[PDB]
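**Q** Residue numbers (this note's numbering), protein chains in the order written: chain D, 36 to 456; chain C, 132 to 567; chain V, 840 to 1044. We put the beta carbon where it would ideally sit given N, CA and C, even for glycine. Please see the structure below; I have some questions.
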Ligand SMILES: Nc1ncnc2c1ncn2[C@@H]1O[C@H](COP(=O)(O)OP(=O)(O)OP(=O)(O)O)[C@@H](O)[C@H]1O
Ligand SMILES: [Zn+2]
């Protein structure tokens, strides 16, 4: 029946379950939205990253998918439930003539449902969400997981809240995970301790994804963690540690509640948005965050946003959507950059993917290696140049190691010229 | 000063100063924190930090106390503002539950500090404390704050500024003493700034109070070309935008700059250029939501606007460090037991250095992701190339093709690979020549 | 490391005998000049410029008390997460025999330096030789340290245009003065940090 179209799948040789009718956002169009007159994005099935100078455009995007997914969420929850919508919250482009704004998005739900076009402010998303509701009522199915993690998840530390799978979707698109809800659910599972496998799966997710936390458990009621080899409390954790903990734990809780029938609930289909993946993260964790997420979140279409090149060093260039500088909202289509970023040098990423130098041009320290090179090649290899190399240099600093090599090459080229003559 | 307070008395001590040739006012008796000491506090058994009077950057891995320091400083600073506002303000206490090291047989903690206040008060010792009986030696802090309050009451003086801009920065308003309203709360009262600005325009001296903060926005925040109000409107990215429509992080940086400008311009009415007032400002994650193009400008512009304010800053951005002198960085050891008693500057000069250098020598992270198997290809290609006398081989050719396909024909890695091939083959030809 | 000639022992060591004398009974300034003449101011294990000077007992004092005052057991190490400090409190379960002692064994016979800043055992090593080079890499942390790798890599890449251009001029002259140029280049690297890696870059083999 229609249920088999949703429930069937196949496992990879890696052990990852793959839904054959994979659900992901395929194409997205914004008309007169925020700053875009008309803009088209094609999304990757696995992972997509938007980069750019100002946070406004990238947020906008993620805000648009969140509000679009809200209709799916509401119609999954309540019959004909009206989801979040624009309805004119000054989201109209500030000088648009149409005074109208459409978020045109085309979801793909496998071979059969090749196109599900939704636009906000026809809403046929109910036509699929009615299937997601009526099925999972007659017989349970692994519902699609949705989430948005905005800046608001850095918050300082009314429902049944528990044993109901629809405690998810409660405030998932609000921009901040319900970390308190996760703590409550954890406390109740620990009190009762299937609940055990849910708890163990969540704990494994925290331990694997988050570097610092090696173990987590509950004591008399209060939750303890083994952070940096020390047993401290949740509120004792740092802001960065707590933010990463809240994001991972909230997503894991929602997804284990939404996908009860999976052998591994961690790999259910869904769409997850992350506005600042590098929020309060040391570069050492930035080099590992996406690998850890993707290894723990296989099938999820991550549409994330970052300003950190260390993150981009771990992403193929096909997954970047790059807002070229000097990009007025009239740009029709975002596209990948030329340089392959995965595994490349950090300085090269700085120079060619974000168009800023490896050295800050704001300060010189009253000398500059480029000036020394220019003078040396002008003179072909000497008091002013030696004065330049005596500025702070004369030390092991790379600034001297390159200068001496260029002096050697200039003198050697002069000797070659002398012999040739 | 204390003897004079018991006895122009104590007013010229706080008010005297001079102007540099650069135009920046310098107080003769500068106020800043010199030495900070913690005992049985959070992750620390004992730790002492020495601060500069111009800048201090605190860096390290996740955890490590970079915020703690700022929290302890703000808790210490709460006793200053409370007694500036009113006699016996009683300040704020340490958290009896969270601010004591969990493994400590003393079961009590102390936070010790010393505030230099000119050639008179070479040392103003303070010791906040809590117990799971332990008391606080806040008496000289009370004395200094009482001098400030009483002297201002008889004749107004430019009071010191204190602020803590924490993570919470992103989630009657007309009396100059309202500047201390939740000023250590972790987030600037941006709504209070909005109300203050609206009141200023409605009244529209107050005009220069408006223009000073406007200039602070225009100069420090890179995006904002101009600011005005009907609700507040901004010229953001070249076209008019509403205040609530500002970009994330753009708005956060805006809130920081505007709140600090308002607080400081209300606290220092007698300055010719108010921006040069005394104070201590704590910032956590200075790089928050900032693109690297703004990271390489934020500290330079921020300190150009507020010259003699003592900044204590936590950052995770190697781009930011490239604008900081070596003496100003304070780092933690990446492998420490928590009993590390001091912490000191780096060995390399970071001001003006390349990002790749700072990324590895200071912050101790590989310049390329070691977890990406594609980064190791040059090493394997080099090892294979020299495995047979340094000339090209079929396995080496396959690796060369993989590098060409993955990184690209114009990529730097392929240029390295082909130069390696050329040099090693030549070397082999030299070896063949020397063989005969 | 480099190849070093064990210098004549300083006479100051003869007044101390193992057991009844602690190491701190020796004036460190009375033994440092001989190590400086030995090493030219660079670390014995990683060839970095010595600024955080540290007299190092190649065989540890705690496990080898009898060799605490033996002259052939003293090296001037830097430092800490590398070299001697990693040797006594970072690594473990090692045998000092497997470590390359750079005063009586040629380091180039075991250790090979790439252009990429990494150090791997030399080509053709088998059995005890490869084990020797591997433990020398590990215990001294010759490449696992980020600081050391980064500095060595940035030093090696700094001279690569020179290595490229030196050999390009092979057919430009008769080989005698080209050999003179190569010798001159091999002379300068002796006064620079990580000279073994630079030699591996410049040398024929
Ligand atoms: N009372 C305490 N007893 C023991 N350990 C504590 C205590 N309070 C805090 N800690 C430890 O100190 C750290 C608290 O975070 P810390 O202030 O060091 O980080 P931070 O400065 O916020 O850094 P970031 O946000 O960059 O990770 C944790 O590692 C926690 O285990
Ligand atoms: Zn060394």
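(1) Which residues in chain C have a C-beta closer than 8 Å to the C-beta of residue 375 of chain D? List them in chain order.
(2) Between residue 884 of chain V and ligand 2, is the CB less than 8 Å from at least one heavy atom?
(3) Helix, strand or coil: which one does DSSP assign to residue 462 of chain C?
(4) What are the residues of the stretch 297-330 of chain D that lie near chain C, defined by any Cβ-Cβ distance shorter than 9 Å?
(5) Specify the secondary structure class of residue 40 of chain D as computed by DSSP and reduced to three states.
(6) Smallest Cα separation from residue 179 of chain D: which of D/68, D/391, D/56, D/280?
(7) Is residue 366 of chain C near ligand 1, with its Cβ less than 8 Å from a heavy atom?
(8) Got a sec: does ligand 1 put a non-hydrogen atom nearer than 8 Å to the Cβ of residue 303 of chain C?
(9) Could you tell me whether any Cβ in chain D is nearer than 9 Å to the Cβ of residue 351 of chain C?
(10) With 9 Å set as the bound, which would you pick, yes or no: does the beta-carbon of residue 450 of chain C sit closer than that to a beta-carbon of chain D?
(11) Less than 9 Å between CB atoms is the rule here; does residue 981 of chain V satisfy it with respect to chain C?
(12) Check whether the Cβ of residue 436 of chain D lies closer than 9 Å to any Cβ atom in chain V.
(13) With a threshold of 8 Å on Cβ separation, who are the neighbours of residue 484 of chain C within its own chain once the five nearest residues in sequence on each side are excluded?
(14) Would you list, in sequence order, the uninterrupted alpha helix (DSSP H) runs of no fewer than 4 residues that lie entirely inside the stretch 190-221 of chain C?
(15) Here's a check: name, in chain order, each residue in its chain whose Cβ is nearer than 7 Å to the Cβ of residue 433 of chain C, leaving out the five neighbours to either side.
(16) Below 8 Å, how does it come out for the stretch 389-397 of chain C and the stretch 298-314 of chain C: are there three or more Cβ pairs, yes or no?
(17) Give the single residue among D/113, D/107, D/77, D/81 whose Cα lies nearest to the Cα of residue 96 of chain D.
(18) Using a Cβ cut-off of 8 Å, pull out every chain V residue sitting near residue 514 of chain C, in sequence order please.
(19) Quick check on DSSP: helix, strand or coil for residue 564 of chain C?
(20) Inspect the CB distances between the stretch 398-410 of chain C and the stretch 365-382 of chain C and report whether three or more fall short of 8 Å.
(21) Residue 135 of chain D lies in the alpha helix (DSSP H); which residues open and close that run?
(22) Do you know offhand how far residue 374 of chain C's Cα is from residue 197 of chain C's?
(23) Kindly list, in the order they appear in chain D, the residues whose Cβ is closer than 8 Å to that of residue 372 of chain C.
(24) Judging by CA-CA distance, which residue of D/357, D/367, D/414 is the nearest neighbour of residue 388 of chain D?
(25) Based on Cα-Cα distance, which residue from V/960, V/857, V/870 lies nearest to residue 850 of chain V?
(26) Output, in chain order, the set of chain D residues within a Cβ distance shorter than 9 Å of residue 994 of chain V.
(27) Using the rule of at least 16 other Cβ atoms within 10 Å of the residue's Cβ for burial, across every protein chain shown, is residue 262 of chain C buried or exposed?
(28) Take the Cβ of residue 917 of chain V as the centre, count every other Cβ of all protein chains shown within 10 Å, and call the residue buried at 16 or more, exposed below.
(29) Is residue 193 of chain C near ligand 1, with its Cβ less than 8 Å from a heavy atom?
(30) I'd like the ranges of any alpha helix (DSSP H) spanning at least 4 consecutive residues and lying wholly in the stretch 920-962 of chain V.
(31) Sorry if obvious, but does the Cβ on residue 402 of chain D come closer than 8 Å to a heavy atom of ligand 1?
(32) Within a Cβ cutoff of 8 Å, which residues of the same chain sit near residue 341 of chain C, ignoring the five residues on either side of it in sequence?
(33) DSSP state of residue 357 of chain C, grouped into three classes?
(34) Tell me, please, whether the CB atom of residue 190 of chain D is closer than 9 Å to any CB atom in chain C?
(35) Does the distance between the C-beta of residue 275 of chain D and the nearest non-hydrogen atom of ligand 1 fall short of 8 Å?
(36) Could you work out which residues of chain D lie near residue 1008 of chain V, taking near to mean beta carbons separated by less than 8 Å?
**A** By the coordinates alone:
(1) 537, 538, 539, 542
(2) yes
(3) strand
(4) 310, 311, 313, 314, 315, 316, 317, 318, 319, 320, 321, 322, 323, 326
(5) helix
(6) D/56
(7) no
(8) no
(9) no
(10) yes
(11) no
(12) yes
(13) 453
(14) 197-216
(15) 351
(16) yes
(17) D/77
(18) 953, 959
(19) helix
(20) no
(21) No alpha helix (DSSP H) contains residue 135 of chain D, which DSSP labels as neither H nor E.
(22) 32 Å
(23) 129
(24) D/357
(25) V/870
(26) 431, 433, 436
(27) exposed
(28) buried
(29) yes
(30) 922-928
(31) no
(32) 328, 331, 332, 335
(33) strand
(34) yes
(35) yes
(36) 451
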